[PDB]
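**Student:**
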Amino acid sequence: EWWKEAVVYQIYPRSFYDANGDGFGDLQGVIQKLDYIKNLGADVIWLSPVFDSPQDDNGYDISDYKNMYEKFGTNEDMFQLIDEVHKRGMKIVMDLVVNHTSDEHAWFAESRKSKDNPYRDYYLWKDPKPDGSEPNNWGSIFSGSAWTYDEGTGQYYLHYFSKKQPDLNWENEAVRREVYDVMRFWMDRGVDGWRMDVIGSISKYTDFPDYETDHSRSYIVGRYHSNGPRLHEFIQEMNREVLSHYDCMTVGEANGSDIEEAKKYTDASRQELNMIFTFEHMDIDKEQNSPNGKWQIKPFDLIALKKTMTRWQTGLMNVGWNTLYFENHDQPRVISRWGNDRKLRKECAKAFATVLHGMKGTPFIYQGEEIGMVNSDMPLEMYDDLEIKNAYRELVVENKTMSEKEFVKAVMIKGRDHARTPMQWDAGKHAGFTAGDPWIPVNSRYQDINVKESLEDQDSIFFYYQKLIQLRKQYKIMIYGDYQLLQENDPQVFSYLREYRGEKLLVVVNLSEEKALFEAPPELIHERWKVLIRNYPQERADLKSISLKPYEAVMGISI
Ligand SMILES: [Ca+2]
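Residues are numbered in the entry's author numbering as their position in the sequence shown, beginning at 1, plus a constant of 2.
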């Protein structure tokens, strides 16, 4: 169970390092930066998808599972990367994207040709309604209908994501076998595990029932879009046929997951996955179900964060396993989203890191999180993401459920592209990401926020992350201790306790810009503490009462 003790670094490779000058990050670029990742201390890398793809969704629309997209390199480069990871004592996890393929995948190019094609039933085709409209009212995550009509055959195909991402038909045993063959091809060549993209969607309600509607919207995304009736059957089959034959790690991107679903995926006795990503803690700052979805912003609410993260810590405390993340290629920079990214940027970045890394589970560090990368001020016309383009058209232009100004404000907070501007290596041109022209501009603050300056500054966010990772490797309590929320009603302070074999770990973090007070509960007042990490310089170990400075974070271990 090395995956319980791991710290994972997520690379978004088109934006990590461009070794050959075309402005697009590449596999040889990753290889050249592996020493940096090892020095940080992560021991597992998760690479976002590098398989051949027309890039409609930046690699999540795969047109060939057994070849690389040419700008990343060739399979030879990928095999070298695997070897280079292993030579450093690290592991590599690839992105398994098997809810859907590109519409340019050979399977779909064949499927769409005719009802008698042998690939027809690789995808999900249905007749129009009598009036020619879509089979039901289901929506795409990327706006509009989940169905697209094919004039040549007279049927619609299903796509939960873009029209260039047709969903695979997992009811067809041949599709499942194709998926297992892909997994074995890569695992036999040294891939150590998989991050499984929208694994929650692979089983459909094959009666395709309409949702109920209150007429706020024409197309609906809801409970049928995940947790289908055969979901866990399929994952159990995948474990029997593939995962059980390798020393591997699996993490599912479990869209639609709540704590009970997480137990189904992650209880070891069920022989499914090791861990899942949930969205519940990322969902605290949207309204529950507006037509504008995640663009219907709410302010950061620490109480909501504490409630949600505590539900997950206690729910998987003695069964299953948690992932721990605040950032990925789909989320904004957490310090910009929920904190201070200006005068208190360092303290705030370190504070969020401490809250997260003090918990039970496997931490994930998204590229640039460890240097305090921030959201971008770029104008809307500079964004790339199809999610944004499609939502602008639907919400602002067509349906008018958001004004222009409100949509721009929402994108500046939550746009996926805040995660995707290039990694900031130094203060030179394009932050040292490329000698050419980057595929999207580097964030305008890069001259102040970059690896070079971080390694020169002993007070950097980088060295704080490096220390959190070292502590996890030294103190078994951080991996295996239980969890108890402390001072639960405090609106500024996120404090909790871990316990393991008579030892205690106290984590106290002021997630606010104002002064706060932590007082230990009565059962803890006679403990003696050794401070393991703090993001301010004043040092005292009487943690029973702490007058917390803005964004102050501290972890102590009992002695
Ligand atoms: Ca390149």
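Note that CB positions come from ideal geometry on N, CA and C, so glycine has one too.
Decide if the segment 359 to 376 is in contact with the segment 313 to 330; the criterion is three or more beta carbon pairs, one per stretch, under 8 Å apart.
**Tutor:** With the cut-off at 8 Å, the segment 359 to 376 and the segment 313 to 330 touch.
**Student:** Figure out for me which residue from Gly25, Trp5, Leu526 has the closest Cα to the Cα of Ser17.
**Tutor:** Against the sequence shown, residue 17 aligns to sequence position 15. Here the closest residue by C-alpha is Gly25.
**Student:** Just how far apart, CA to CA, sit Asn491 and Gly156?
**Tutor:** The residue labelled residue 491 in the question sits at position 489 within the sequence shown. The residue labelled residue 156 in the question sits at position 154 within the sequence shown. Each residue's Cα considered, the two are about 58 Å apart.
**Student:** Can you tell me the Cβ-Cβ gap for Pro56 and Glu106, rounded? I've got them flagged as a contact below 8 Å.
**Tutor:** By one-based count along the sequence shown, residue 56 stands at place 54. By one-based count along the sequence shown, residue 106 stands at place 104. Right, their Cβ atoms sit about 5 Å apart.
**Student:** Cutting at 7 Å between CB atoms, please list the residues of its own chain near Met96, excluding the five before and the five after it.
**Tutor:** As a first step, residue 96 is located in the sequence shown; it is residue number 94 there, counting from the start. Here the set comprises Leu49, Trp188, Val193, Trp196.
**Student:** Quick one, which of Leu545, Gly374, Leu508, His359 has its alpha-carbon nearest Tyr448's?
**Tutor:** If you number the sequence shown from 1, residue 448 lands on position 446. Considering only alpha carbons, the answer is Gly374.
**Student:** As a quick check of your reading: which residues have a C-beta less than 7 Å from at least one non-hydrogen atom of ligand 1, in chain order?
**Tutor:** Every residue passing the under-7 Å Cβ criterion appears here: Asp20, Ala21, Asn22, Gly23, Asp24, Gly25, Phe26, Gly27, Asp28, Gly31, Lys73.
**Student:** Taking all protein chains shown into account, do 16 or more other C-beta atoms lie within 10 angstroms of the C-beta of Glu235, making it buried, or fewer, making it exposed?
**Tutor:** Here residue 235 is taken as the residue at index 233 of the sequence shown, counted from 1. It is exposed - the Cβ of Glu235 has fewer than 16 other Cβ atoms within 10 Å.
**Student:** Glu455: which of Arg474, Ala433, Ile471, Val444 sits nearest, CA to CA?
**Tutor:** The residue labelled residue 455 in the question sits at position 453 within the sequence shown. Comparing Cα positions, the closest option is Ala433.
**Student:** From the DSSP output, in three-state form, read off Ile442 for me.
**Tutor:** Residue numbering aside, residue 442 sits at position 440 when the sequence shown is read from its first letter. If DSSP states are grouped into helix, strand and coil, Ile442 belongs with coil.
**Student:** Kindly indicate which three-state DSSP category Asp79 falls into: helix, strand or coil?
**Tutor:** Within the sequence shown, the letter at position 77 stands for residue 79. The answer is helix: DSSP assigns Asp79 an H, G or I state.
**Student:** Rounded to whole angstroms, what's the CA-CA distance from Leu318 to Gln273? Just pull it up for me.
**Tutor:** Your numbering for residue 318 matches position 316 in the sequence shown. Your numbering for residue 273 matches position 271 in the sequence shown. In a straight line, the C-alpha of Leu318 is about 16 Å away from that of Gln273.
**Student:** Which partner residues does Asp97 have in the DSSP bridge list?
**Tutor:** One-based indexing of the sequence shown puts residue 97 at position 95. DSSP output for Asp97 lists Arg197 as bridge partner(s).
**Student:** Determine, using beta carbons only, whether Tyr221 and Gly141 come nearer to each other than 9 Å.
**Tutor:** The residue you call residue 221 lines up with position 219 of the sequence shown. The residue you call residue 141 lines up with position 139 of the sequence shown. Yes, Cβ-Cβ distance for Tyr221 and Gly141 is below 9 Å.
**Student:** Is the beta carbon of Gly43 less than 9 Å from the beta carbon of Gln472?
**Tutor:** In the sequence shown, residue 43 corresponds to position 41, counting from 1. In the sequence shown, residue 472 corresponds to position 470, counting from 1. In this structure, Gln472 lies closer than 9 Å to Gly43 by Cβ.
**Student:** Considering only DSSP beta bridges, list what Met277 is partnered with.
**Tutor:** In the sequence shown, counting from the first residue as 1, residue 277 sits at position 275. In the DSSP output, where bridge partners are listed per residue, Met277 has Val253.
**Student:** Of all the options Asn138, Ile237, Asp199, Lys165, which has the alpha carbon lying nearest to the alpha carbon of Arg179?
**Tutor:** Here residue 179 corresponds to residue number 177 of the sequence shown, with the count starting at 1. Answer by Cα proximity: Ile237.
**Student:** Across the segment 479 to 496 and the segment 409 to 422, are there enough close Cβ pairs to call them in contact, namely three or more that are closer than 8 Å?
**Tutor:** The segment 479 to 496, when compared against the segment 409 to 422, does not touch it at the 8 Å Cβ threshold.
**Student:** Check whether the segment 238 to 252 and the segment 157 to 175 are in contact - that is, three or more C-beta pairs closer than 8 Å.
**Tutor:** No, the segment 238 to 252 does not touch the segment 157 to 175.
**Student:** Based on Cα-Cα distance, which residue from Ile64, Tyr151, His88, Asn320 lies nearest to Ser271?
**Tutor:** Working through the sequence shown from its first residue, we reach residue 271 at position 269. Out of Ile64, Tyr151, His88, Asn320, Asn320 has the C-alpha closest to the C-alpha of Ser271.
**Student:** Leaving out five residues before and five after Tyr11 in sequence, what residues of the same chain have Cβ atoms less than 6 Å from its Cβ?
**Tutor:** Sequence index remark: in the sequence shown, residue 11 carries index 9 (1-based). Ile39, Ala44, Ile47, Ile367, listed in sequence order.
**Student:** Based on the DSSP secondary-structure assignment, which residues constitute the bridge partners of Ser549?
**Tutor:** Start at 1 with the first residue of the sequence shown, and residue 549 comes out as number 547. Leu519, per the DSSP bridge assignment.
**Student:** Check whether the Cβ atoms of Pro440 and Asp59 lie closer than 9 Å to each other.
**Tutor:** Here residue 440 corresponds to residue number 438 of the sequence shown, with the count starting at 1. Here residue 59 corresponds to residue number 57 of the sequence shown, with the count starting at 1. It is not a contact, given that the beta carbons lie outside the stated cut-off.
**Student:** Could you tell me which uninterrupted alpha helix (DSSP H) segments, each at least 4 residues in length, are contained entirely in the segment 124 to 197, listed from first to last along the chain?
**Tutor:** Here the runs fully enclosed are 175 to 189.
**Student:** Report the three-state DSSP secondary structure of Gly202 (helix, strand or coil).
**Tutor:** As a first step, residue 202 must be located in the sequence shown, where it is residue number 200. If DSSP states are grouped into helix, strand and coil, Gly202 belongs with the helices.
**Student:** Report yes if the C-beta distance between residue 1 and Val453 is below 9 Å; otherwise report no.
**Tutor:** Residue 1 falls outside the range modelled here, since the chain spans only 3 to 561, and no answer is possible.
**Student:** On the DSSP letters alone, give me the boundaries of the alpha helix (DSSP H) that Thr316 sits inside.
**Tutor:** Taking the sequence shown and counting its residues from 1, one reaches residue 316 at position 314. Taken as a continuous stretch (DSSP letters only), the alpha helix (DSSP H) holding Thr316 covers 304 to 317.
**Student:** Do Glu282 and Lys300 have their CB atoms nearer than 9 Å?
**Tutor:** Position 280 of the sequence shown holds residue 282. Position 298 of the sequence shown holds residue 300. No. Outside cutoff.
**Student:** Could you give the uninterrupted runs of the alpha helix (DSSP H) lying entirely in the segment 417 to 469, keeping only those of 4 residues or more?
**Tutor:** Runs of the alpha helix (DSSP H) inside the segment 417 to 469: 453 to 458.
**Student:** Within 10 Å of its beta-carbon, does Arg395 have 16 or more other beta-carbons around it, so buried, or fewer, so exposed?
**Tutor:** In the sequence shown, counting from the first residue as 1, residue 395 sits at position 393. Exposed is the call here.
**Student:** When you compare the CB positions of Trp172 and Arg232, do they come within less than 9 Å of one another, or not?
**Tutor:** By one-based count along the sequence shown, residue 172 stands at place 170. By one-based count along the sequence shown, residue 232 stands at place 230. Yes, these two residues count as a Cβ contact at 9 Å.
**Student:** Can you tell me the Cβ-Cβ gap for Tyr485 and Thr316, rounded? I've got them flagged as a contact below 8 Å.
**Tutor:** What you label residue 485 is simply residue 483 of the sequence shown in a count that begins at 1. What you label residue 316 is simply residue 314 of the sequence shown in a count that begins at 1. Indeed, because the Cβ distance is near 7 Å, the residues count as touching under 8 Å.
**Student:** I'd like to confirm the pairing. Which residues does DSSP put opposite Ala555 in its beta bridges?
**Tutor:** What you label residue 555 is simply residue 553 of the sequence shown in a count that begins at 1. DSSP lists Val511 as partners of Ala555.
**Student:** Please classify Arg500: does DSSP put it in a helix, a strand, or coil?
**Tutor:** Along the sequence shown, read from residue 1 onward, the residue named residue 500 stands at position 498. Note: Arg500 maps to strand in three-state DSSP.
**Student:** Let's test the definition: count the other Cβ atoms within 10 Å of the Cβ of residue 565 and tell me whether it reaches 16, buried, or not, exposed.
**Tutor:** Beyond the ends of the chain as shown, which are 3 and 561, falls residue 565; an answer cannot be given.
**Student:** Can you look up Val46 in the DSSP assignment and give me helix, strand or coil?
**Tutor:** Within the sequence shown, residue 46 is the residue found at index 44, counting from 1. In the structure shown, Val46 sits in a strand (DSSP, three-state: E or B).
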